[PDB]
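Asks: Got a file for you: my_file.cif, mmCIF, C-alpha atoms; chains and numbers go by the auth columns.
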data_my_file
loop_
_atom_site.group_PDB
_atom_site.id
_atom_site.type_symbol
_atom_site.label_atom_id
_atom_site.label_comp_id
_atom_site.label_asym_id
_atom_site.label_seq_id
_atom_site.Cartn_x
_atom_site.Cartn_y
_atom_site.Cartn_z
_atom_site.B_iso_or_equiv
_atom_site.auth_seq_id
_atom_site.auth_asym_id
ATOM 1 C CA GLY A 1 112.476 85.890 108.005 0.00 1 Q
ATOM 2 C CA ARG A 2 110.874 89.163 109.166 0.00 2 Q
ATOM 3 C CA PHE A 3 112.514 92.593 109.667 0.00 3 Q
ATOM 4 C CA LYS A 4 115.594 91.129 107.967 0.00 4 Q
ATOM 5 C CA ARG A 5 113.815 90.134 104.748 0.00 5 Q
ATOM 6 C CA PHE A 6 111.926 93.444 104.877 0.00 6 Q
ATOM 7 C CA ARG A 7 115.257 95.296 104.799 0.00 7 Q
ATOM 8 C CA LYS A 8 116.218 93.593 101.538 0.00 8 Q
ATOM 9 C CA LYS A 9 112.901 94.695 100.035 0.00 9 Q
ATOM 10 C CA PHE A 10 113.382 98.345 100.991 0.00 10 Q
ATOM 11 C CA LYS A 11 116.947 98.184 99.652 0.00 11 Q
ATOM 12 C CA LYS A 12 115.556 97.310 96.210 0.00 12 Q
ATOM 13 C CA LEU A 13 113.829 100.715 96.175 0.00 13 Q
ATOM 14 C CA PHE A 14 117.010 102.508 97.241 0.00 14 Q
ATOM 15 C CA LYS A 15 118.868 100.894 94.336 0.00 15 Q
ATOM 16 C CA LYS A 16 116.384 102.382 91.865 0.00 16 Q
ATOM 17 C CA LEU A 17 117.356 105.810 93.243 0.00 17 Q
ATOM 18 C CA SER A 18 120.979 105.464 92.060 0.00 18 Q
ATOM 19 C CA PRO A 19 121.635 105.838 88.334 0.00 19 Q
ATOM 20 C CA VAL A 20 122.948 102.258 88.084 0.00 20 Q
ATOM 21 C CA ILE A 21 126.306 103.602 89.308 0.00 21 Q
ATOM 22 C CA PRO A 22 128.223 101.270 91.614 0.00 22 Q
ATOM 23 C CA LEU A 23 130.702 104.130 92.101 0.00 23 Q
ATOM 24 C CA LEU A 24 128.409 106.428 94.101 0.00 24 Q
ATOM 25 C CA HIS A 25 127.467 103.394 96.233 0.00 25 Q
ATOM 26 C CA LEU A 26 131.056 102.185 96.751 0.00 26 Q
#
How does the structure come out when it is put into structure tokens?
Replies:
Amino acid sequence: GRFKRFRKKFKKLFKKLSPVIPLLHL
């Protein structure tokens, strides 16, 4: 893909920002 696959890559960085807490994300 292109911009779509790129989004998934950037999301991986955003995940690192959260303290492994699915609560703040949900």
Asks: For range 15-24 of chain Q, I'd like the enclosing box, axis-aligned and padded by 3 Å on every side, reported as AutoDock Vina command-line options with centre and edge lengths in Å to one decimal.
Replies:
--center_x 123.5 --center_y 103.7 --center_z 91.2 --size_x 20.3 --size_y 11.5 --size_z 12.3
Asks: Work out how far apart CA of residue 14 in chain Q and CA of residue 26 in chain Q are and give it in Å to one decimal.
Replies: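 Interatomic distance here is 14.1 Å.
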Asks: One number please: CA of residue 12 in chain Q to CA of residue 25 in chain Q, in Å, one decimal.
Replies: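 So the two atoms, CA of residue 12 in chain Q and CA of residue 25 in chain Q, lie 13.4 Å apart.
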Asks: Measure the distance from CA of residue 24 in chain Q to CA of residue 11 in chain Q in Å and round it to one decimal.
Replies: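 Between these atoms lies a distance of 15.2 Å.
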Asks: Any chance you could model N, CA, C and O atoms for range 4-20 of chain Q and send them as a PDB file, in the frame of the given file?
Replies:
ATOM      1  N   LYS Q   4     114.393  91.324 108.813  1.00  0.00           N
ATOM      2  CA  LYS Q   4     115.594  91.129 107.967  1.00  0.00           C
ATOM      3  C   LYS Q   4     115.187  91.080 106.496  1.00  0.00           C
ATOM      4  O   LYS Q   4     115.692  91.819 105.676  1.00  0.00           O
ATOM      5  N   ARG Q   5     114.266  90.223 106.161  1.00  0.00           N
ATOM      6  CA  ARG Q   5     113.815  90.134 104.748  1.00  0.00           C
ATOM      7  C   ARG Q   5     113.230  91.479 104.317  1.00  0.00           C
ATOM      8  O   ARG Q   5     113.412  91.924 103.201  1.00  0.00           O
ATOM      9  N   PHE Q   6     112.529  92.128 105.206  1.00  0.00           N
ATOM     10  CA  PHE Q   6     111.926  93.444 104.877  1.00  0.00           C
ATOM     11  C   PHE Q   6     113.022  94.436 104.483  1.00  0.00           C
ATOM     12  O   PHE Q   6     112.849  95.254 103.601  1.00  0.00           O
ATOM     13  N   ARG Q   7     114.150  94.366 105.132  1.00  0.00           N
ATOM     14  CA  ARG Q   7     115.257  95.296 104.799  1.00  0.00           C
ATOM     15  C   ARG Q   7     115.677  95.098 103.346  1.00  0.00           C
ATOM     16  O   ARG Q   7     115.873  96.040 102.606  1.00  0.00           O
ATOM     17  N   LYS Q   8     115.815  93.871 102.937  1.00  0.00           N
ATOM     18  CA  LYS Q   8     116.218  93.593 101.538  1.00  0.00           C
ATOM     19  C   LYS Q   8     115.199  94.192 100.573  1.00  0.00           C
ATOM     20  O   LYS Q   8     115.541  94.702  99.525  1.00  0.00           O
ATOM     21  N   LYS Q   9     113.946  94.134 100.922  1.00  0.00           N
ATOM     22  CA  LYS Q   9     112.901  94.695 100.035  1.00  0.00           C
ATOM     23  C   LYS Q   9     113.065  96.207  99.928  1.00  0.00           C
ATOM     24  O   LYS Q   9     113.061  96.768  98.849  1.00  0.00           O
ATOM     25  N   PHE Q  10     113.213  96.872 101.035  1.00  0.00           N
ATOM     26  CA  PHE Q  10     113.382  98.345 100.991  1.00  0.00           C
ATOM     27  C   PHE Q  10     114.653  98.697 100.223  1.00  0.00           C
ATOM     28  O   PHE Q  10     114.710  99.679  99.509  1.00  0.00           O
ATOM     29  N   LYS Q  11     115.678  97.901 100.368  1.00  0.00           N
ATOM     30  CA  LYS Q  11     116.947  98.184  99.652  1.00  0.00           C
ATOM     31  C   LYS Q  11     116.706  98.190  98.141  1.00  0.00           C
ATOM     32  O   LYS Q  11     117.306  98.953  97.411  1.00  0.00           O
ATOM     33  N   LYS Q  12     115.832  97.347  97.668  1.00  0.00           N
ATOM     34  CA  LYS Q  12     115.556  97.310  96.210  1.00  0.00           C
ATOM     35  C   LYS Q  12     115.073  98.687  95.741  1.00  0.00           C
ATOM     36  O   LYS Q  12     115.397  99.137  94.660  1.00  0.00           O
ATOM     37  N   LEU Q  13     114.316  99.365  96.560  1.00  0.00           N
ATOM     38  CA  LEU Q  13     113.829 100.715  96.175  1.00  0.00           C
ATOM     39  C   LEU Q  13     115.005 101.685  96.167  1.00  0.00           C
ATOM     40  O   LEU Q  13     115.160 102.495  95.273  1.00  0.00           O
ATOM     41  N   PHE Q  14     115.834 101.604  97.166  1.00  0.00           N
ATOM     42  CA  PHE Q  14     117.010 102.508  97.241  1.00  0.00           C
ATOM     43  C   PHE Q  14     117.880 102.337  96.000  1.00  0.00           C
ATOM     44  O   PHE Q  14     118.414 103.289  95.466  1.00  0.00           O
ATOM     45  N   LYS Q  15     118.031 101.127  95.539  1.00  0.00           N
ATOM     46  CA  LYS Q  15     118.868 100.894  94.336  1.00  0.00           C
ATOM     47  C   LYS Q  15     118.302 101.676  93.154  1.00  0.00           C
ATOM     48  O   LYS Q  15     119.023 102.299  92.400  1.00  0.00           O
ATOM     49  N   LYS Q  16     117.012 101.647  92.990  1.00  0.00           N
ATOM     50  CA  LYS Q  16     116.384 102.382  91.865  1.00  0.00           C
ATOM     51  C   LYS Q  16     116.764 103.865  91.927  1.00  0.00           C
ATOM     52  O   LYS Q  16     116.839 104.540  90.920  1.00  0.00           O
ATOM     53  N   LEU Q  17     116.993 104.374  93.106  1.00  0.00           N
ATOM     54  CA  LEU Q  17     117.356 105.810  93.243  1.00  0.00           C
ATOM     55  C   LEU Q  17     118.695 106.104  92.559  1.00  0.00           C
ATOM     56  O   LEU Q  17     118.862 107.118  91.914  1.00  0.00           O
ATOM     57  N   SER Q  18     119.649 105.228  92.700  1.00  0.00           N
ATOM     58  CA  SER Q  18     120.979 105.464  92.060  1.00  0.00           C
ATOM     59  C   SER Q  18     120.903 105.190  90.557  1.00  0.00           C
ATOM     60  O   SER Q  18     120.221 104.283  90.123  1.00  0.00           O
ATOM     61  N   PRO Q  19     121.615 105.990  89.808  1.00  0.00           N
ATOM     62  CA  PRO Q  19     121.635 105.838  88.334  1.00  0.00           C
ATOM     63  C   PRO Q  19     122.485 104.629  87.937  1.00  0.00           C
ATOM     64  O   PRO Q  19     123.437 104.746  87.192  1.00  0.00           O
ATOM     65  N   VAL Q  20     122.152 103.468  88.433  1.00  0.00           N
ATOM     66  CA  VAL Q  20     122.948 102.258  88.084  1.00  0.00           C
ATOM     67  C   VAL Q  20     124.442 102.583  88.149  1.00  0.00           C
ATOM     68  O   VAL Q  20     125.205 102.224  87.274  1.00  0.00           O
TER      69      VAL Q  20
END
